[PDB]
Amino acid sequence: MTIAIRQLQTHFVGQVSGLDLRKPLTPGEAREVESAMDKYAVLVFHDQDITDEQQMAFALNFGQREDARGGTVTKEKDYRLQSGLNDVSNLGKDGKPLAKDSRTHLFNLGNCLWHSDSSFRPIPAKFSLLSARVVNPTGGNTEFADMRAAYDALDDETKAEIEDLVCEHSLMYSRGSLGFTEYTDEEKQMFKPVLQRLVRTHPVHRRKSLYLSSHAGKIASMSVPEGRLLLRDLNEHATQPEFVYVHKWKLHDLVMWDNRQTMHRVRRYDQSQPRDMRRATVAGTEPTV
């Protein structure tokens, strides 16, 4: 009836055991994992030595593939992986680490900022599923923040202030804060800003949460300076240690998160060493606006 789950942080995060992700799930098991995703927001599976196909098959229990187009500087040519998965590694087509100053790596440094995946899309992602294929031993922890806990801890005046606010999300905002400011020219059209609610409501349990993300570069109804200051304050509030779970990677871990309830980021790592990390993304169902 229930799968084995141990909670890893005071507010959220469950560790799951007893499931082999190389193999199909039963209807009951898929139902259990999704309820755990609703409750815990982040799930940690150890020792899941899976193929790209096995990983995506697992993800497809929970919806459909998110269309990857408009998500990277993909050159419209080709890259490393053959399957459905998003390549979130530090490797080129080469199979070995990207150059310190390449346009691909510099864009990938965006992942070091606190973000919710595909928040730059009119329908943002539901679940993201990350598999560790080669572990970089010098840094690159992945950190998760509970946006519902963060929301709850705000005072009434803040909650009343932010309730109806709308943010503009774009890859140009997140990469822009890192100094990556030149886009040509269908990129400016491909990364055209989308609207998202600052405060969102989960469809299952109806918990309210802060929809924070590096992609959010302004609040619609405010001046750019004031809006950004507010977002900075909310981001500082929401990423305090009491709302954060730090994941230390082991080989063949799978960590999956609900983008609708969380932010995440990768910490600085040594770029000269391989880091083979591969993501499956489940498309969102409904927009926030």
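The numbering used is simple: start at 1 and walk along the sequence shown.
Judged by mean Cα B factor in the deposited record, 47 to 55 ranks above the other of 47 to 55 and 34 to 42. Of the two segments examined, 20 to 28 and 267 to 275, it is 267 to 275 that shows the higher average Cα temperature factor in the deposited entry.
When the C-alpha B-factors of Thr142, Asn90, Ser209, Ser213 are ranked from the entry, the top spot goes to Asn90. Of the candidates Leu195, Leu165, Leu129, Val73, it is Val73 whose Cα B-factor is highest according to the PDB record.
The deposited CA B-factor of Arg260 belongs to the lowest third of values across its chain. In the deposited entry, the Cα temperature factor of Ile123 places it in the middle third of its chain's modelled residues.
For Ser116, the recorded CA temperature factor ranks within the lowest third of the chain's modelled residues. When the CA B factors of the chain's modelled residues are split into thirds, the value for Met1 lands in the highest one. Among all modelled residues in this chain, the alpha-carbon of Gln240 has a temperature factor (C-alpha) in the middle third.
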